[PDB]
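Below is one structure; the comments refer to it alone.
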Amino acid sequence: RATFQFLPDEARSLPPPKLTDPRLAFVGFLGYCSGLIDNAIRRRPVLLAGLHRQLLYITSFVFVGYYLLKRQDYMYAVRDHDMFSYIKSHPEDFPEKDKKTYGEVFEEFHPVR
Amino acid sequence: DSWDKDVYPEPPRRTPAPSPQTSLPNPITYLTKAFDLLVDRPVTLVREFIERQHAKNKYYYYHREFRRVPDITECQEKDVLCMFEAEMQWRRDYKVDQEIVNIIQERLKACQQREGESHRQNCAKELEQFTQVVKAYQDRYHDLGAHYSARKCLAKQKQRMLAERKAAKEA
Ligand SMILES: CCCCCCCCCCCCCCCCCC(=O)OC[C@H](COP(=O)(O)OCCN)OC(=O)CCCCCCCCCCCCCCCCC
Ligand SMILES: CCCCCCCCCCCCCCCCCC(=O)OC[C@H](COP(=O)(O)OCCN)OC(=O)CCCCCCCCCCCCCCCCC
Ligand SMILES: N=C(N)NC(=N)NCCc1ccc(I)c(Cl)c1
């Protein structure tokens, strides 16, 4: 809602992503893969070389991914808050139907002969 | 005994007593006595041993009872939670009705073998019962297709009910 803000203040009333979020685990995995590719293109032992470098790949991805996931969750909360409030403001456009049962509704039968 | 004689009926047995009109010995009589001595007795004792072990470890299993739930006629349109239960119930009844037709078919075939050359006249009740049940099964389930559902079954019934109403109106 706030102009050119990555995370408006109201976003703090939502629960933050857990640090065991499955989406966050995937992002951390992508950082691990990036670390491996870095060793491979530079012709270093892929698994062993530069564990300090590999750690920072995992850490940076998880750090950025945590905030992206938080904004992602925030934008979907905002979408629903907007959508439900609009429905409340315009009842005549979203009228509750009278729900007929299947014993009353006539559906045509199409034999598979 | 083992099954229910009501569900699988067998007419009472009538065996003619032997009336040998020949002096010769009957080969079947002695082979029967040999079969009982050489096969039946040893096989019978081996079974009685097994039936002793089972009696020392008696445990039970049960036939599942399915409570009745509202059928698809009582379900609101697109209410999956009520549709799901009615749909599953209808599917269970579809399988049971299939086995009902199998039971009636089994009676029909058992009668045809039992009566021999007289089956044409002595299996009229079985044939009639089979004819009626196949008519009922056909009306319920025939021509629904591979993707059958309680909804398609209901739509087929309503169409049938409409046709019967209109003919009755012509009367
Ligand atoms: C829980 C983990 C589940 C694994 C999921 C894998 C998904 C794909 C991830 C892609 C990123 C892989 C890492 C980047 C490639 C670096 C590896 C390499 O270049 O060569 C293999 C290398 C061994 O050879 P070397 O160069 O001599 O290094 C010595 C180190 N032992 O290093 C090695 O010892 C092996 C390193 C991994 C080899 C990956 C081989 C390519 C995989 C890509 C195929 C597509 C993946 C499957 C698609 C479905 C995804 C689930
Ligand atoms: C959308 C959802 C998915 C989320 C995607 C997230 C993507 C964004 C996350 C950032 C991506 C880049 C992360 C790269 C990590 C590898 C950094 C590293 O290990 O550097 C090792 C070393 C340099 O490290 P150094 O500069 O000394 O550390 C202090 C940094 N101020 O020396 C080296 O050998 C590095 C050489 C390999 C790196 C390639 C060249 C780039 C140079 C980067 C310099 C360091 C940047 C520090 C990254 C911090 C990011 C928080
Ligand atoms: N179609 C457009 N031009 N605009 C647009 N994205 N309308 C859709 C409305 C929308 C969808 C998702 C979210 I999250 C939010 Cl907050 C609002």
Side-chain angles (χ1 to χ4, degrees), chain A residues 109 111-113, chain B residues 1-19 28-29 31-32 35-36 39-41 43-44 46-48 50-51 54-55 58-73 85-165 167-168:
Chain A
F109 174 63
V112 183
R113 281 154 194 170
Chain B
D1 175 63
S2 321
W3 61 95
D4 220 323
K5 310 302 163 56
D6 298 306
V7 187
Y8 306 98
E10 216 155 76
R13 175 68 143 215
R14 281 163 76 239
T15 325
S19 158
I28 304 300
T29 284
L31 287 167
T32 307
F35 184 88
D36 298 337
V39 185
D40 199 27
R41 277 177 127 221
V43 158
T44 312
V46 169
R47 176 60 166 175
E48 286 166 358
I50 290 159
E51 297 284 44
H54 297 171
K58 200 96 184 194
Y59 64 113
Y60 308 100
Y61 80 103
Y62 311 105
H63 174 79
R64 205 175 259 279
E65 321 295 337
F66 281 114
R67 183 183 304 148
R68 301 299 300 179
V69 300
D71 63 338
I72 197 73
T73 39
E85 306 230 58
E87 177 55 66
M88 290 298 103
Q89 165 166 269
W90 181 89
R91 277 169 139 73
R92 282 191 304 273
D93 296 340
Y94 188 16
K95 275 182 191 294
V96 170
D97 287 0
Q98 282 162 7
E99 293 300 303
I100 287 170
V101 180
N102 285 343
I103 283 165
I104 298 309
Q105 276 179 135
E106 281 183 36
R107 292 175 172 187
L108 182 72
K109 285 177 292 200
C111 188
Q112 194 277 348
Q113 171 65 9
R114 192 184 315 109
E115 302 301 315
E117 305 297 328
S118 311
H119 65 264
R120 190 95 68 88
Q121 170 184 346
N122 296 1
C123 300
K125 261 62 72 152
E126 280 73 26
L127 175 59
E128 188 73 81
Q129 187 177 15
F130 164 81
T131 306
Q132 290 175 359
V133 171
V134 167
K135 178 57 167 161
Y137 179 98
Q138 200 187 44
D139 280 345
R140 288 181 171 225
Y141 304 113
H142 201 45
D143 301 326
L144 295 190
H147 295 289
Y148 51 64
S149 56
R151 277 176 62 196
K152 282 180 174 90
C153 191
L154 176 56
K156 177 181 160 94
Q157 175 174 333
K158 283 197 198 194
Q159 181 190 261
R160 167 164 49 82
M161 302 189 83
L162 284 165
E164 292 171 4
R165 197 173 68 175

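Letters A, B, ... mirror the listed sequences (proteins, then strands); counts begin at 1.
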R140(B): what forms a side-chain contact (heavy atoms from CB on, under 4.5 Å) with it, not counting sequence neighbours?
->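 With neighbours one apart ignored, the set is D97(B).
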Test side-chain contact (heavy atoms from CB on, under 4.5 Å) applied to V101(B) - qualifying residues, sequence neighbours left out = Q105(B), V133(B), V134(B), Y137(B)
Minimum side-chain heavy-atom gap [X]-[Y] below 4.5 Å:
| X | Y | value |
| --- | --- | --- |
| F130(B) | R107(B) | no |
| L154(B) | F109(A) | no |
| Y94(B) | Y141(B) | yes |
| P70(B) | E85(B) | no |

What's the separation between atom [atom1] in [X] and atom [atom2] in [Y], rounded to the nearest 0.5 Å?
| X | Y | atom1 | atom2 | value |
| --- | --- | --- | --- | --- |
| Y148(B) | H142(B) | OH | NE2 | 14.0 Å |
| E87(B) | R92(B) | CD | CZ | 10.5 Å |
| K125(B) | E128(B) | NZ | CD | 10.0 Å |

Between [X] and [Y], what is the shortest heavy-atom contact and its length?
| X | Y | result |
| --- | --- | --- |
| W90(B) | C153(B) | NE1-SG, 3.4 Å |
| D71(B) | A86(B) | C-CB, 3.5 Å |
| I104(B) | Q129(B) | CD1-NE2, 3.6 Å |

Are more than 12 heavy atoms from other residues, nucleotides or ligands located less than 6.0 Å from atom CD of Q121(B)?
->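 12 or below, so no.
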Does anything in [range] pair up under side-chain hydrogen bond (donor to acceptor under 3.5 Å, both in side chains), and if so which pairs, sequence neighbours excluded?
| range | answer |
| --- | --- |
| residues 61-70 of chain B | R68(B)-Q89(B), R68(B)-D93(B) |
| residues 111-120 of chain B | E115(B)-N122(B) |
| residues 1-17 of chain B | none |

Ion pair present between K95(B) and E99(B), side-chain N to carboxylate O less than 4.0 angstrom?
-> no
Return the set of residues passing salt bridge (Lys or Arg N to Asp or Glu O under 4.0 Å) with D40(B) (not counting sequence neighbours), or none when no residue passes.
->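 Partners of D40(B) by the salt bridge (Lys or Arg N to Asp or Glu O under 4.0 Å) criterion come out as none, since no residue qualifies.
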Quick check: does any side chain N or O of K156(B) sit under 3.5 Å from a backbone N or O of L144(B), one acting as donor and the other as acceptor?
-> no
